[PDB]
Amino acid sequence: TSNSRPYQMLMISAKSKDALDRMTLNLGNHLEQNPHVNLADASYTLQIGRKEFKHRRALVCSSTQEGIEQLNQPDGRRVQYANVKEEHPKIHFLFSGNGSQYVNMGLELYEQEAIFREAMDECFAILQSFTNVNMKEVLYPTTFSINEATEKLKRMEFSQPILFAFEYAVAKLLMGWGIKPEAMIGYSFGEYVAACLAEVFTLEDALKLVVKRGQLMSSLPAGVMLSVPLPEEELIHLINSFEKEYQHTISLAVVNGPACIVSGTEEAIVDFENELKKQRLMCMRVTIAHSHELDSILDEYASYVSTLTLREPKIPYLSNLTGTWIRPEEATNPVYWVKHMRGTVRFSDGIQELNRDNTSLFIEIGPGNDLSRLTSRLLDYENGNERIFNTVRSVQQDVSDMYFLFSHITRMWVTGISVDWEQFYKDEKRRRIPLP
């Protein structure tokens, strides 16, 4: 209980950069001079009940020696620094869509963080109760080999509710640390998690809904998705001509600003790729849908959604169908959910609405490097990175999950996002100690 987390964030703030840098160097020297100081107590002393000033520096370490090395170089790029100009920034959660999930994603958070673990275990209990499947064995295998869990995570009736649960739990972890969204937006499937957090549906009904969505989609052959670097109005013209010249349908699946994603069967997409080649246009497959291929399951989906309870949102969020704020009467209409399945995802429109306040800050919930890069570019071509913060590493990134999360929380905090340290320390026994 006096034990602490395996990573520690050190927070320092001051009324000028000069004072901040002197304090940073003083703290480094103090830790070098007393190398047995309790690092968790030092971290706690710098956070708990503390006034936060506008020049801020923060870093992550896992040992006193690592903290010393960083503090001795205050302007080193391992360390985060910013001068807060907006003290109460708008915080937006951005929910990742399907496609980047992997076995054991978030494992260190499941192991270490009570808030996260509790949210995940609630989801696993609800899923087991109505599906009779233990989905924890797939996400965090303790009897299956990773090989077998990976194969089972490829089935949509598993991957969709698992991603949903994971993103829900990440969001509850941040909210449980006092990081609350002023507004939200999902990329495609991510809208379902936004809606649950806005209390459009209960966690139980959301989990039933996404299991049903996954089950229905499992009956569909995989099609293909294709990125085309032209704006919406141009894709509309290309698709219209294509459908009249070939005997195939192409759906405009996603609008991402100056580029769009289209989708269809392999046959349709190969013909479309041929037409693009005739027009000497770039394209690239990006298959991971939102298309004509869903039409045969929509009636059944509509019927199911009609059985759930839908309520008006309590946190505002963007609609992927309309590209603007969801209306109360839209969220509560079962037909909205059916249309959302079939319809174009107006992602760039939603991001443009949020970016009307160009000091707003975005936290990506769930894994997805491509989505983070796209969003950054839509916020600001040179400097969008400074306003987006991630939560989960990509499958191939060999980095600790808690390290990755805390690296981004240190960035959030220096940029002006407050953390409820009382909740952060709710399961530890810490003491304030003397510091320079």
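In case it trips you up, residue 1 is the first one in the sequence shown, and so on.
**Q** Can you say how many deposited residues have no coordinates in the span between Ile288 and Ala289, choosing none, 1 to 3, 4 to 9, or 10 or more?
**A** The entry has 1 to 3 unmodelled residues between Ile288 and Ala289.
**Q** If you average the Cα B factors in the entry, which is higher, 123-131 or 223-231?
**A** The recorded data point to 123-131.
**Q** Of 86-94 and 317-325, which one has the bigger average CA B-factor?
**A** Averaged over C-alpha atoms, the B-factors run higher in 86-94.
**Q** Between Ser407, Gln33, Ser376, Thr391, let me know which has the highest C-alpha B-factor in the entry?
**A** Comparing C-alpha B-factors across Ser407, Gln33, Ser376, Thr391, the maximum falls on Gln33.
**Q** From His292, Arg346, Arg311, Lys208, can you pick the one with the highest C-alpha B factor in the entry?
**A** Result of the comparison over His292, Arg346, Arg311, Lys208: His292.
**Q** Among all modelled residues of this chain, ranked by Cα B factor, put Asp398 in the bottom, middle or top third, i.e. lowest, middle or highest.
**A** According to the entry, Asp398 has a C-alpha B-factor in the chain's highest third.
**Q** In terms of the chain's CA B-factor thirds, is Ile115 lowest, middle or highest?
**A** Middle third - that is where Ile115 ends up once the chain's C-alpha B-factors are sorted.
**Q** When the deposited Cα B-factors of this chain's modelled residues are ordered and cut into thirds, is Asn256 in the lowest, the middle or the highest one?
**A** Tercile = middle for this residue's CA B-factor.
**Q** Ranked by Cα temperature factor within the chain, is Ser4 in the lowest third, the middle third or the highest third?
**A** Its C-alpha B-factor belongs to the middle third of this chain's values.
**Q** Among the modelled residues of this chain, does the Cα B factor of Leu39 put it in the lowest, middle or highest third?
**A** Middle third, going by the recorded CA B-factors of the chain.
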